[PDB]
Amino acid sequence: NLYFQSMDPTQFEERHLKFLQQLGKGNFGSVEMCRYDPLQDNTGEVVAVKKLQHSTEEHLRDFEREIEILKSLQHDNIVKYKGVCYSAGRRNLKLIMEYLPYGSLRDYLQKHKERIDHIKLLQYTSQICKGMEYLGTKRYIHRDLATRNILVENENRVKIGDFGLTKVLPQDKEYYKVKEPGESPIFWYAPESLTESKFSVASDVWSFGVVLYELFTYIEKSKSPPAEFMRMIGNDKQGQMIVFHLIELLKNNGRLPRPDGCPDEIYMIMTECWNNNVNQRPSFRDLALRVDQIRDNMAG
Ligand SMILES: C[C@]12O[C@H](C[C@]1(O)CO)n1c3ccccc3c3c4c(c5c6ccccc6n2c5c31)CNC4=O
């Protein structure tokens with residue numbers, strides 16, 4: 001009460017934050033490209049700005065937690081927090097981040113196959129694992145690992161990007177039980193996430209296996225996890241029947257197929273991440289080491 005705590009409201013003043021264009025839609029909000037030009041001389045820094053799509057009291061509270069999460073993270077493979085803009089005369093909140101020119105990893109794989117080979121895919125895989133190791137040290141569960149939520153700075157560097165679903169583990173437990181679910185990326189979910197609403201570092205590892213799958217399909221049409229799972233379930237199915245069949249499929253060892261051209265060793269990593277036994281999944285530290293040893297064990 002007596003003394004409130006707030007980010008520096010003069011760091012990014014709304015009157016110097018110039019809207020350039022929309023960048024995309026993410027968890028609970030949208031992202032725009034702006035220029036922050038306090039010397040109004042057509043210089044300044046380009047930045048990315050996240051804003052809520054539905055500014056309810058609950059969503060604003062969740063957004064504050066998301067902002068605090070990102071601000072607490074400093075890592076080469078996590079998108080950089082820059083600050084907050086208290087816009088609308090300090091009666092609104094927007095998140096300011098660094099601008100990463102190539103957008104989502106999902107879109108980069110589709111648009112820039114000319115400069116992607118397996119060496120680059122393994123490099124991105126390694127970087128993703130290291131960012132996830134770092135999140136683990138803060139007891140953060142990302143909860144939406146997918147190439148749509150990873151960002152590309154340049155052909156040599158990717159960064160985990162969208163923290164809209166991220167949760168902090170309770171102090172006394174190794175999982176977070178979500179008790180108000182909204183829109184769920186079910187084709188990235190671990191089985192215990194589908195059946196018990198339990199999220200953990202190990203469920204992030206499951207989803208990382210789907211990310212690895214995505215990388216090695218090169219976002220080829222018809223190979224995405226939704227398209228492949230729907231092909232296995234039956235493209236006709238609708239509503240909850242889809243979830244029922246997905247759960248039944250995963251519990252009895254149905255899995256995404258090996259992508260064309262994917263080495264058996266990379267597919268085996270995917271398979272080990274996709275273990276119904278939560279405790280037997282590898283750690284992100286195991287995965288970073290194994291992937292970097294594979295990379296290092298090539299000639300050169
Ligand atoms: C919504 C989304 O818009 C596109 C990619 C994206 O993640 C959607 O796939 N998107 C871009 C498309 C083309 C160029 C740049 C971006 C971009 C950026 C960010 C984000 C970001 C941060 C937090 C949540 C979502 C974010 N996006 C971002 C984003 C953060 N910094 C960015 O440069």
# chains A, B, ... in the order shown; residues from 1 in each chain; ligands from 1
>>> closest_atom_pairs(of="chain A", to="ligand 1", cutoff="6 Å", atoms="only C-alpha atoms and all ligand atoms", output="JSON lines")
{"residue": "A:23", "atom": "CA", "partner": "ligand 1", "partner_atom_place_in_ligand_line": "12 (C)", "distance": 4.5}
{"residue": "A:24", "atom": "CA", "partner": "ligand 1", "partner_atom_place_in_ligand_line": "3 (O)", "distance": 3.5}
{"residue": "A:25", "atom": "CA", "partner": "ligand 1", "partner_atom_place_in_ligand_line": "1 (C)", "distance": 4.0}
{"residue": "A:26", "atom": "CA", "partner": "ligand 1", "partner_atom_place_in_ligand_line": "1 (C)", "distance": 3.7}
{"residue": "A:30", "atom": "CA", "partner": "ligand 1", "partner_atom_place_in_ligand_line": "1 (C)", "distance": 5.7}
{"residue": "A:31", "atom": "CA", "partner": "ligand 1", "partner_atom_place_in_ligand_line": "1 (C)", "distance": 5.4}
{"residue": "A:48", "atom": "CA", "partner": "ligand 1", "partner_atom_place_in_ligand_line": "31 (N)", "distance": 4.7}
{"residue": "A:97", "atom": "CA", "partner": "ligand 1", "partner_atom_place_in_ligand_line": "31 (N)", "distance": 5.7}
{"residue": "A:98", "atom": "CA", "partner": "ligand 1", "partner_atom_place_in_ligand_line": "31 (N)", "distance": 5.3}
{"residue": "A:99", "atom": "CA", "partner": "ligand 1", "partner_atom_place_in_ligand_line": "33 (O)", "distance": 3.4}
{"residue": "A:100", "atom": "CA", "partner": "ligand 1", "partner_atom_place_in_ligand_line": "33 (O)", "distance": 3.6}
{"residue": "A:101", "atom": "CA", "partner": "ligand 1", "partner_atom_place_in_ligand_line": "14 (C)", "distance": 4.9}
{"residue": "A:102", "atom": "CA", "partner": "ligand 1", "partner_atom_place_in_ligand_line": "14 (C)", "distance": 5.2}
{"residue": "A:103", "atom": "CA", "partner": "ligand 1", "partner_atom_place_in_ligand_line": "13 (C)", "distance": 3.5}
{"residue": "A:104", "atom": "CA", "partner": "ligand 1", "partner_atom_place_in_ligand_line": "5 (C)", "distance": 4.5}
{"residue": "A:148", "atom": "CA", "partner": "ligand 1", "partner_atom_place_in_ligand_line": "9 (O)", "distance": 4.3}
{"residue": "A:149", "atom": "CA", "partner": "ligand 1", "partner_atom_place_in_ligand_line": "7 (O)", "distance": 4.6}
{"residue": "A:161", "atom": "CA", "partner": "ligand 1", "partner_atom_place_in_ligand_line": "22 (C)", "distance": 5.0}
{"residue": "A:162", "atom": "CA", "partner": "ligand 1", "partner_atom_place_in_ligand_line": "24 (C)", "distance": 3.7}
>>> write_last_selection(atoms="N, CA and C atoms", output="PDB file, in the first residue's frame")
ATOM      1  N   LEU A  23       3.327  -6.847 -36.529  1.00  0.00           N
ATOM      2  CA  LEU A  23       4.230  -7.988 -36.681  1.00  0.00           C
ATOM      3  C   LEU A  23       3.524  -9.328 -36.538  1.00  0.00           C
ATOM      4  N   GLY A  24       2.572  -9.488 -35.623  1.00  0.00           N
ATOM      5  CA  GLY A  24       1.826 -10.728 -35.583  1.00  0.00           C
ATOM      6  C   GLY A  24       0.993 -10.845 -34.326  1.00  0.00           C
ATOM      7  N   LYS A  25       0.253 -11.953 -34.256  1.00  0.00           N
ATOM      8  CA  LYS A  25      -0.603 -12.298 -33.118  1.00  0.00           C
ATOM      9  C   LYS A  25      -0.012 -13.438 -32.296  1.00  0.00           C
ATOM     10  N   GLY A  26       0.106 -13.224 -30.987  1.00  0.00           N
ATOM     11  CA  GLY A  26       0.643 -14.224 -30.081  1.00  0.00           C
ATOM     12  C   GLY A  26      -0.313 -14.562 -28.952  1.00  0.00           C
ATOM     13  N   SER A  30      -1.024  -9.025 -29.276  1.00  0.00           N
ATOM     14  CA  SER A  30      -0.451  -8.849 -30.590  1.00  0.00           C
ATOM     15  C   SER A  30       0.815  -8.026 -30.463  1.00  0.00           C
ATOM     16  N   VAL A  31       1.651  -8.087 -31.495  1.00  0.00           N
ATOM     17  CA  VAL A  31       2.974  -7.483 -31.429  1.00  0.00           C
ATOM     18  C   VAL A  31       3.153  -6.561 -32.607  1.00  0.00           C
ATOM     19  N   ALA A  48      10.147  -4.071 -30.629  1.00  0.00           N
ATOM     20  CA  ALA A  48       8.922  -4.833 -30.748  1.00  0.00           C
ATOM     21  C   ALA A  48       8.069  -4.610 -29.513  1.00  0.00           C
ATOM     22  N   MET A  97      10.359  -4.869 -26.284  1.00  0.00           N
ATOM     23  CA  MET A  97      11.377  -5.903 -26.499  1.00  0.00           C
ATOM     24  C   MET A  97      12.297  -5.523 -27.653  1.00  0.00           C
ATOM     25  N   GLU A  98      13.465  -6.173 -27.730  1.00  0.00           N
ATOM     26  CA  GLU A  98      14.306  -5.992 -28.904  1.00  0.00           C
ATOM     27  C   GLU A  98      13.584  -6.495 -30.140  1.00  0.00           C
ATOM     28  N   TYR A  99      13.973  -5.943 -31.293  1.00  0.00           N
ATOM     29  CA  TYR A  99      13.436  -6.338 -32.597  1.00  0.00           C
ATOM     30  C   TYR A  99      14.387  -7.349 -33.260  1.00  0.00           C
ATOM     31  N   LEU A 100      13.833  -8.488 -33.665  1.00  0.00           N
ATOM     32  CA  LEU A 100      14.554  -9.579 -34.297  1.00  0.00           C
ATOM     33  C   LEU A 100      14.056  -9.741 -35.727  1.00  0.00           C
ATOM     34  N   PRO A 101      14.856  -9.378 -36.720  1.00  0.00           N
ATOM     35  CA  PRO A 101      14.290  -9.091 -38.046  1.00  0.00           C
ATOM     36  C   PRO A 101      13.647 -10.254 -38.744  1.00  0.00           C
ATOM     37  N   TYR A 102      13.993 -11.507 -38.433  1.00  0.00           N
ATOM     38  CA  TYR A 102      13.485 -12.599 -39.246  1.00  0.00           C
ATOM     39  C   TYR A 102      12.258 -13.260 -38.648  1.00  0.00           C
ATOM     40  N   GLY A 103      11.705 -12.707 -37.569  1.00  0.00           N
ATOM     41  CA  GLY A 103      10.414 -13.163 -37.139  1.00  0.00           C
ATOM     42  C   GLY A 103      10.456 -14.573 -36.583  1.00  0.00           C
ATOM     43  N   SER A 104       9.349 -15.296 -36.740  1.00  0.00           N
ATOM     44  CA  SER A 104       9.269 -16.596 -36.103  1.00  0.00           C
ATOM     45  C   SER A 104      10.137 -17.608 -36.845  1.00  0.00           C
ATOM     46  N   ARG A 148       6.532 -21.533 -33.875  1.00  0.00           N
ATOM     47  CA  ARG A 148       5.811 -20.250 -33.987  1.00  0.00           C
ATOM     48  C   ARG A 148       6.155 -19.266 -32.869  1.00  0.00           C
ATOM     49  N   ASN A 149       6.725 -19.748 -31.774  1.00  0.00           N
ATOM     50  CA  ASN A 149       6.990 -18.969 -30.568  1.00  0.00           C
ATOM     51  C   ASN A 149       8.479 -18.791 -30.313  1.00  0.00           C
ATOM     52  N   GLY A 161      10.747 -16.827 -27.647  1.00  0.00           N
ATOM     53  CA  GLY A 161      10.068 -15.539 -27.769  1.00  0.00           C
ATOM     54  C   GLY A 161       8.788 -15.245 -26.996  1.00  0.00           C
ATOM     55  N   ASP A 162       7.814 -16.156 -27.030  1.00  0.00           N
ATOM     56  CA  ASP A 162       6.460 -15.887 -26.525  1.00  0.00           C
ATOM     57  C   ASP A 162       6.332 -16.570 -25.168  1.00  0.00           C
TER      58      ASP A 162
END
>>> residues_around(residues="residue 75 (chain A)", least_positions_apart="6", cutoff="10 Å", atoms="only C-alpha atoms", output="ChimeraX atom specification")
/A:130-131,134-135,159-160
>>> closest_residue(among="A:16, A:143, A:285, A:80", to="residue 127 (chain A)", atoms="only C-alpha atoms")
A:285
>>> closest_atom_pairs(of="region 223-286 of chain A", to="region 205-208 of chain A", cutoff="9 Å", atoms="only C-alpha atoms", output="JSON lines")
{"residue": "A:270", "atom": "CA", "partner": "A:208", "partner_atom": "CA", "distance": 8.2}
{"residue": "A:272", "atom": "CA", "partner": "A:206", "partner_atom": "CA", "distance": 8.7}
{"residue": "A:273", "atom": "CA", "partner": "A:206", "partner_atom": "CA", "distance": 5.0}
{"residue": "A:274", "atom": "CA", "partner": "A:206", "partner_atom": "CA", "distance": 5.3}
{"residue": "A:275", "atom": "CA", "partner": "A:206", "partner_atom": "CA", "distance": 7.6}
{"residue": "A:278", "atom": "CA", "partner": "A:206", "partner_atom": "CA", "distance": 8.9}
{"residue": "A:281", "atom": "CA", "partner": "A:205", "partner_atom": "CA", "distance": 7.2}
{"residue": "A:282", "atom": "CA", "partner": "A:205", "partner_atom": "CA", "distance": 7.4}
{"residue": "A:283", "atom": "CA", "partner": "A:205", "partner_atom": "CA", "distance": 7.2}
{"residue": "A:284", "atom": "CA", "partner": "A:205", "partner_atom": "CA", "distance": 7.0}
>>> write_last_selection(atoms="N, CA, C and O atoms", output="PDB file, in the first residue's frame")
ATOM      1  N   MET A 270      13.994 -37.272 -30.508  1.00  0.00           N
ATOM      2  CA  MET A 270      12.557 -36.996 -30.464  1.00  0.00           C
ATOM      3  C   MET A 270      11.812 -38.064 -29.670  1.00  0.00           C
ATOM      4  O   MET A 270      10.986 -37.756 -28.810  1.00  0.00           O
ATOM      5  N   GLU A 272      12.794 -40.202 -27.430  1.00  0.00           N
ATOM      6  CA  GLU A 272      13.117 -40.198 -26.001  1.00  0.00           C
ATOM      7  C   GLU A 272      12.438 -39.036 -25.271  1.00  0.00           C
ATOM      8  O   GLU A 272      12.050 -39.159 -24.099  1.00  0.00           O
ATOM      9  N   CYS A 273      12.286 -37.900 -25.946  1.00  0.00           N
ATOM     10  CA  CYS A 273      11.512 -36.805 -25.367  1.00  0.00           C
ATOM     11  C   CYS A 273      10.039 -37.193 -25.225  1.00  0.00           C
ATOM     12  O   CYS A 273       9.386 -36.798 -24.263  1.00  0.00           O
ATOM     13  N   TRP A 274       9.517 -37.971 -26.169  1.00  0.00           N
ATOM     14  CA  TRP A 274       8.111 -38.407 -26.200  1.00  0.00           C
ATOM     15  C   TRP A 274       7.903 -39.695 -25.403  1.00  0.00           C
ATOM     16  O   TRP A 274       7.433 -40.699 -25.917  1.00  0.00           O
ATOM     17  N   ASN A 275       8.332 -39.681 -24.150  1.00  0.00           N
ATOM     18  CA  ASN A 275       8.164 -40.822 -23.255  1.00  0.00           C
ATOM     19  C   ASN A 275       6.949 -40.555 -22.382  1.00  0.00           C
ATOM     20  O   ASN A 275       6.857 -39.493 -21.768  1.00  0.00           O
ATOM     21  N   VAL A 278       7.126 -39.692 -17.367  1.00  0.00           N
ATOM     22  CA  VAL A 278       7.618 -38.320 -17.220  1.00  0.00           C
ATOM     23  C   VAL A 278       9.061 -38.304 -16.741  1.00  0.00           C
ATOM     24  O   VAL A 278       9.890 -37.546 -17.256  1.00  0.00           O
ATOM     25  N   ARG A 281      12.087 -38.916 -19.294  1.00  0.00           N
ATOM     26  CA  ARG A 281      12.472 -37.990 -20.341  1.00  0.00           C
ATOM     27  C   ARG A 281      13.836 -37.380 -20.015  1.00  0.00           C
ATOM     28  O   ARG A 281      14.152 -37.160 -18.845  1.00  0.00           O
ATOM     29  N   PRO A 282      14.665 -37.112 -21.023  1.00  0.00           N
ATOM     30  CA  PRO A 282      15.960 -36.473 -20.750  1.00  0.00           C
ATOM     31  C   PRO A 282      15.762 -35.042 -20.248  1.00  0.00           C
ATOM     32  O   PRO A 282      14.700 -34.437 -20.409  1.00  0.00           O
ATOM     33  N   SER A 283      16.806 -34.508 -19.602  1.00  0.00           N
ATOM     34  CA  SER A 283      16.795 -33.112 -19.209  1.00  0.00           C
ATOM     35  C   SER A 283      17.280 -32.243 -20.359  1.00  0.00           C
ATOM     36  O   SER A 283      17.932 -32.709 -21.305  1.00  0.00           O
ATOM     37  N   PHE A 284      16.964 -30.950 -20.276  1.00  0.00           N
ATOM     38  CA  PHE A 284      17.494 -30.031 -21.276  1.00  0.00           C
ATOM     39  C   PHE A 284      19.020 -29.969 -21.264  1.00  0.00           C
ATOM     40  O   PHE A 284      19.633 -29.769 -22.320  1.00  0.00           O
TER      41      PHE A 284
END
>>> select_by_dssp(residues="region 79-161 of chain A", states="helix (DSSP H, G or I)", output="ChimeraX atom specification")
/A:87-90,105-111,113-115,118-137,147-149
>>> closest_residue(among="A:190, A:70, A:129, A:88", to="residue 290 (chain A)", atoms="only C-alpha atoms")
A:129
>>> select_by_dssp(residues="region 58-277 of chain A", states="strand (DSSP E or B)", output="list in words")
residues 78, 81, 82, 83, 84, 85, 94, 95, 96, 97, 98, 104, 140, 141, 150, 151, 152, 153, 154, 157, 158, 159, 160, 167, 168, 176, 177, 198 and 199 of chain A
>>> closest_residue(among="A:122, A:116, A:85, A:96", to="residue 218 (chain A)", atoms="only C-alpha atoms")
A:116
>>> closest_residue(among="A:49, A:215, A:250, A:202", to="residue 118 (chain A)", atoms="only C-alpha atoms")
A:215
>>> closest_atom_pairs(of="region 172-245 of chain A", to="region 137-141 of chain A", cutoff="8 Å", atoms="only C-alpha atoms", output="Markdown table")
| residue | atom | partner | partner_atom | distance |
| --- | --- | --- | --- | --- |
| A:199 | CA | A:141 | CA | 7.0 |
| A:200 | CA | A:141 | CA | 6.0 |
| A:201 | CA | A:141 | CA | 6.0 |
| A:204 | CA | A:141 | CA | 6.9 |
>>> residues_around(residues="residue 89 (chain A)", least_positions_apart="3", cutoff="9 Å", atoms="only C-alpha atoms", output="list in words")
residues 14, 86 and 92 of chain A
>>> closest_residue(among="A:279, A:223, A:124, A:266", to="residue 174 (chain A)", atoms="only C-alpha atoms")
A:279
>>> atom_distance(atom1="CA of residue 33 (chain A)", atom2="CA of residue 61 (chain A)")
23.6 Å
>>> atom_distance(atom1="CA of residue 126 (chain A)", atom2="CA of residue 166 (chain A)")
20.7 Å
>>> atom_distance(atom1="CA of residue 169 (chain A)", atom2="CA of residue 145 (chain A)")
16.7 Å
>>> closest_atom_pairs(of="region 143-216 of chain A", to="region 241-245 of chain A", cutoff="12 Å", atoms="only C-alpha atoms", output="Markdown table")
| residue | atom | partner | partner_atom | distance |
| --- | --- | --- | --- | --- |
| A:184 | CA | A:243 | CA | 10.9 |
| A:185 | CA | A:243 | CA | 11.1 |
| A:186 | CA | A:243 | CA | 7.8 |
| A:187 | CA | A:243 | CA | 9.3 |
| A:189 | CA | A:243 | CA | 10.9 |
| A:191 | CA | A:243 | CA | 10.7 |
| A:193 | CA | A:243 | CA | 11.8 |
| A:194 | CA | A:243 | CA | 8.1 |
| A:195 | CA | A:244 | CA | 9.7 |
>>> decode(residues="region 227-245 of chain A", atoms="N, CA, C and O atoms", output="short mmCIF file (atom, residue, chain, number, x, y, z; two decimals), in the first residue's frame")
data_model
loop_
_atom_site.label_atom_id
_atom_site.label_comp_id
_atom_site.auth_asym_id
_atom_site.auth_seq_id
_atom_site.Cartn_x
_atom_site.Cartn_y
_atom_site.Cartn_z
N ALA A 227 -1.39 -31.39 -38.81
CA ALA A 227 -1.80 -32.14 -39.99
C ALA A 227 -1.52 -33.63 -39.83
O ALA A 227 -2.33 -34.46 -40.22
N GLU A 228 -0.35 -33.99 -39.29
CA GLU A 228 -0.03 -35.41 -39.14
C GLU A 228 -0.92 -36.07 -38.11
O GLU A 228 -1.39 -37.18 -38.32
N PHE A 229 -1.13 -35.42 -36.96
CA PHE A 229 -2.01 -36.04 -35.97
C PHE A 229 -3.42 -36.18 -36.51
O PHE A 229 -4.09 -37.21 -36.31
N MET A 230 -3.91 -35.16 -37.23
CA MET A 230 -5.28 -35.27 -37.75
C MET A 230 -5.37 -36.37 -38.81
O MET A 230 -6.39 -37.08 -38.89
N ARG A 231 -4.32 -36.55 -39.60
CA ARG A 231 -4.31 -37.68 -40.54
C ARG A 231 -4.40 -39.01 -39.81
O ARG A 231 -5.15 -39.90 -40.22
N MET A 232 -3.68 -39.15 -38.70
CA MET A 232 -3.72 -40.39 -37.94
C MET A 232 -5.07 -40.58 -37.26
O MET A 232 -5.59 -41.71 -37.20
N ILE A 233 -5.65 -39.50 -36.74
CA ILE A 233 -6.92 -39.58 -36.01
C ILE A 233 -8.10 -39.74 -36.95
O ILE A 233 -9.09 -40.41 -36.62
N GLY A 234 -8.03 -39.13 -38.13
CA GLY A 234 -9.14 -39.06 -39.05
C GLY A 234 -9.50 -37.61 -39.28
O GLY A 234 -9.95 -36.92 -38.35
N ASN A 235 -9.31 -37.13 -40.51
CA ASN A 235 -9.47 -35.72 -40.82
C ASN A 235 -10.90 -35.24 -40.63
O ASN A 235 -11.12 -34.03 -40.51
N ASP A 236 -11.84 -36.17 -40.64
CA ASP A 236 -13.27 -35.93 -40.46
C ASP A 236 -13.63 -35.46 -39.06
O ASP A 236 -14.67 -34.82 -38.86
N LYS A 237 -12.81 -35.80 -38.06
CA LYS A 237 -13.24 -35.65 -36.68
C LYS A 237 -13.24 -34.20 -36.23
O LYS A 237 -12.45 -33.38 -36.70
N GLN A 238 -14.14 -33.89 -35.30
CA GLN A 238 -14.39 -32.54 -34.85
C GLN A 238 -14.62 -32.53 -33.35
O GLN A 238 -15.07 -33.51 -32.77
N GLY A 239 -14.33 -31.39 -32.74
CA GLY A 239 -14.66 -31.16 -31.34
C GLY A 239 -13.82 -32.00 -30.40
O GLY A 239 -12.66 -32.33 -30.67
N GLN A 240 -14.43 -32.38 -29.29
CA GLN A 240 -13.71 -33.14 -28.27
C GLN A 240 -13.29 -34.51 -28.75
O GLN A 240 -12.37 -35.10 -28.18
N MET A 241 -14.00 -35.08 -29.72
CA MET A 241 -13.60 -36.37 -30.25
C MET A 241 -12.14 -36.33 -30.68
O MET A 241 -11.43 -37.33 -30.57
N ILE A 242 -11.67 -35.17 -31.15
CA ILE A 242 -10.26 -35.06 -31.56
C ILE A 242 -9.36 -35.29 -30.37
O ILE A 242 -8.36 -36.02 -30.45
N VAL A 243 -9.66 -34.63 -29.26
CA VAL A 243 -8.88 -34.77 -28.05
C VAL A 243 -8.93 -36.20 -27.54
O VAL A 243 -7.92 -36.74 -27.06
N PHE A 244 -10.15 -36.80 -27.54
CA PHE A 244 -10.28 -38.18 -27.05
C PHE A 244 -9.34 -39.10 -27.80
O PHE A 244 -8.60 -39.91 -27.20
N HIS A 245 -9.34 -39.00 -29.14
CA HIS A 245 -8.50 -39.86 -29.95
C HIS A 245 -7.02 -39.54 -29.79
O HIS A 245 -6.19 -40.47 -29.84
#
